[PDB]
Structure formats: structure tokens, C-alpha cells
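A structural walkthrough
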Amino acid sequence: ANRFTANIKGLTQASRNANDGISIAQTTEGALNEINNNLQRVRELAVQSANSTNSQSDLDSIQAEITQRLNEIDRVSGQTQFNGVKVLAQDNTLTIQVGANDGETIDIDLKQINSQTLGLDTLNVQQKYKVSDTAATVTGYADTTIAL
Amino acid sequence: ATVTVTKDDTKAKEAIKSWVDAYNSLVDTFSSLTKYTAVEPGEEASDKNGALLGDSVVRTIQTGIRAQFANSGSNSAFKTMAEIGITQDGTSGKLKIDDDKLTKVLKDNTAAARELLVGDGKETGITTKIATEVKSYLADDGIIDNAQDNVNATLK
Amino acid sequence: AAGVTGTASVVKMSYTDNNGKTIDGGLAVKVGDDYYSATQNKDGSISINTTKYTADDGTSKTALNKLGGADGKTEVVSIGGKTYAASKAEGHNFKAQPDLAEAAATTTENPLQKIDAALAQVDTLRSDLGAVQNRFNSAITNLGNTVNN
């Protein structure tokens, strides 16, 4: 009876541990779905840039939303957490006890998913302007607070 | 007595809005079917969560439809929905239309849109590829039916 | 006083695009190899704009706004031998937050390739989470039945 009771209590506690594990995994998915949607919008905007006839001003305008979306990815990645665990914090592994004896666990792997790690921080589509440099029509005068 | 002939974009725009609305409703259905909700530590998922939470079929379908947007080989000058004034949100995944831009492109280059959306109808056409995949899903072997047959397992 | 000098003069850069479209630039101090944006003040001083930041040596510093970027006109700053955006560099913890990467220099190659690789990673991960979800559901069922018995 003692063996049976010990196993019963251990298995109950293991059930609750499994509760926590499933919850963390589900939250991870919840974050990843929105991350993926953002990336898909980014790809849309890139292939939009693929329109060769568009102007460099248009390219810059598009890059604006690209940057907005990248910052959004970073925000969500730094936001999502479970019970004080920043889920996407870093390349990490979790072992969750679900048995009733030593070393009886389910293993989960998590990644540092962010703009930097994915390498899309530096992504850009703009084209360098032609710039003509001249003294320009600087009308009037300068009346600086000279050190007389 | 004079007669005039011009061009009709009304029917087209008209038509397109229905498709966009249907897609948005489909996305809504996905969201409802996998509505997530956090719970206290140590307690299994909440009952209110969607019945398909954690399923892979929903992801399969949602992803499969999207890539059909990036049609391949279409001779249409445009290669993306933005060029025709339709954009997809990166946070919600829903489709929106800049109606006036759509009108302008309709009057301008309707032929390119024809080719992009349908064209010959053999392989060109986002609607063409999408119809292929949607039929595949709806098939007797289609993922939904084979998952509803592993759920005719969940049943029988 | 910055210690680097040259053909220091007041200019207003003007612009052109591949389409040859008429586009204008802005006021800056031409030096030569470097061009630094300038603001016109109430006293007529064409003062070169500067960027504030936390120095990588532990102090607080500020440096002139140099034009650049992938467009060639963005205001950028150089810290630790590398050029970073003026917009980002403002007051950032350059000392112990190296997350601020260099401002894009030119057009990016195969951005579609990069995007596709990232999306592949994301999809693979999501599938893994689904698999482990199913594993845990099986585990809970096992535990319930075993406890009953």
C-alpha cells in the first residue's frame, strides 16, 4: 500500500507538471503565429519593392514599414513569457518531470527567435541617391554670435 | 443619335470584395477554432480554448493557401497584390484593399490583372492555384477528410 | 575643434534618382570625404548637427552627424570603428547592448532568400511544438488511467 500511495502522489504531481509544460508550449505557439504573420507581410513588401520602375522615395517609404515590422518582432519576442519564463529568451532546453522516479522527463527545445538571430535586422531595399553638392542658394547672411 | 462604349470595372471590383471578405471570414474561423487562453500554473488548459488548439491541419491549410499568393510564371506585369492595391496585414493576417488604387489600376492595366489572377487558367492565376489546393483539401483524400477520417477514427 | 578638418563650407545638397526625377536635398557642411548635416539657427550659425550616445568606454559622448546609409543621405554616427544610424544611436547603451548593428550600407542581396530561410525556421519550430503538445497530451492520459487503476 505504501508503494501504491507513493506512486499515486508522484503521478498526480507529474500530471500537474505536465499541465505547466503543455501551457508553456501553447504560449510559444501563440507567439510564433504572429511572428510568422509579420514575416509574411515583410515578404509581401519586399516583392512589392521588386517593381523596378518604382522610385527611390517609394523604396524608402516601404523600408519604413519594414523597420516598423522588425521592431514589432523584437517587441513580441521580448514580451512573451510564462510564469516568469521569457519563452523566446535564448537557445534553451527544458526538462519536465512526468514520471515517478529519477530521470523521467520530457524534453523541450526553445530558441532565441528575434530580428537579430534571424539576421533580418540589416535587411534593406533602398537604392543610393544621386547627390549633387554645391554651396547652394544660401540667401541672406549669417549673423553668428561671434566671440568678439 | 450618339452611342458610347467605355469600360466596366464596376463588375470587377464588385466581384473582388466578396473574395476578400470570404478569406477574412476564413481567418476568423481559424482564430476561433484555435483560440488560446493562458491559465494558472499547474492546471491543464482552460476549457474555453479552441477545440483545434495544437492541431497541425489548421496550420497546414493556412500556410498552403498563402504561398499560392506568390504565383509563379504569370506573365502579368504585376507580381504582387500590393501592385493591384491589395495588402495583407502582418499582425492579423487579414486582407485589405485600397479601393481607389484598385480603381486606378483597373482603368490603367486591366490586362495585367487578368493574367495575374487567372490568365490562361491552366497554371497561371493565383485563383487557379488556390482552387487546385482547396479542391485537394476538400477531396476524399484531402487533408481535412483524412484528418476527419482519423477522426472517423476518433469516432469509429 | 573635432580634430578633423578639410574643405569646410556651407552647402545644400540636391538630389536625383534613377528616373531623373526632380528631388532636392538639404543643408549640410561639406568637408570632402565627409558631409555633415547642418541646421540654420536664429543667429545664422549653420551648426553641424550632433548625435548623443553612451560611449563604449563607459562615458557619455556626442559626435557629428555624418551623412550615409544605404541611401547615402541618412544621418549616421561612428562608434567603435563602425557606423550606426543616428536615429538608433540616440542614448543607446553601446557599452553592454551590442544589439545595435551597423546601418545598412547599400542594397541588400537576395532578401527573399533570407526571408524564406527565416520562415522555414519558424515553421519547423512550430511543428516541433505541436509534436511535443501531442506527446504531453498522451502523457496526461496515461497518468490519469494509471492513477485510477
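Refer to the structure above for everything that follows.
Rules of the game
Residues numbered from 1 in each chain as written, not as in the entry; some residues may be left out. Chains lettered and ligands numbered in written order. Part of a larger assembly, values for the part shown. Heavy atoms only, no water. Contact = heavy atoms within 4.5 Å. Buried area = accessible area lost by both parts, 1.4 Å probe. Salt bridge = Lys/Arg side-chain N within 4 Å of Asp/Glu carboxyl O. Polar contact = N/O pair within 3.5 Å; in protein donor to acceptor, adjacent residues only side chain to side chain. Helix = DSSP H or I, 4+ residues; strand = E, 2+ residues; numbered from the N terminus. Buried < 20%, exposed > 50% of the residue type's maximum accessible area, 1.4 Å probe, protein only. Axes fitted to C-alpha atoms, helices over the stretch in contact; angles between N-to-C directions. Parallel < 35°, antiparallel > 145°, perpendicular 65-115°, else oblique. Left-handed = near helix turned anticlockwise from the far one by under 90°.

1. A closer look at the interface of chain B and chain A
- Listed per partner, the contact involves 20 residues of chain B and 22 residues of chain A.
- At the boundary of chain B with chain A, total buried surface from both sides reaches about 1800 Å², with 42% on carbon and sulfur atoms.
- At the junction of chain B and chain A, the tally comes to zero salt bridges.
- For the pair chain B and chain A, the interface holds ten residue pairs in polar contact.
- Breaking the side of chain B that touches chain A down by element, the ones donating at least two residues are α2 (57–67) and β1 (86–88) of chain B.

2. A word on the pattern of salt bridges
- Counted according to the given criterion, the structure contains 13 salt bridges over all chains.
- The residue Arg-41 of chain A makes a salt bridge to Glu-65 of chain A at a minimum N-O spacing of 3.8 Å. In this pair, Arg-41 of chain A sits in helix α1 (residues 2–49) while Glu-65 of chain A sits in helix α2 (residues 56–79), placing the two residues 24 residues apart along the sequence.
- Put simply, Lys-73 of chain C and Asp-60 of chain A hold a salt bridge, and the shortest N to O gap is 3.4 Å. On the criterion of chain membership, the pair formed by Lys-73 of chain C in the loop between β7 (66–68) and β8 (74–79) and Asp-60 of chain A in helix α2 is interchain, its members lying in two chains.
- Residue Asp-60 of chain A is classed as buried on the basis of its relative accessible area of 17%.
- Ionic contacts of the salt-bridge type, sharing partners, join the residues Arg-41, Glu-65 and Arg-69 of chain A into one network.

3. Some thoughts on the packing of α2 of chain B against helix α4 (residues 126–138) of chain B
Residue and element names in this part refer to chain B.
- Running from amino to carboxyl end, α2 crosses α4 at an angle of 160°, the nearest separation of the two axes being 9 Å. As far as their axial angle goes, α4 and α2 are roughly antiparallel. The handedness of the crossing between α2 and α4 is right-handed. Contacts from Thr-60, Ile-61, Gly-64 and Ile-65 in α2 reach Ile-130, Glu-133 and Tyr-137 in α4.

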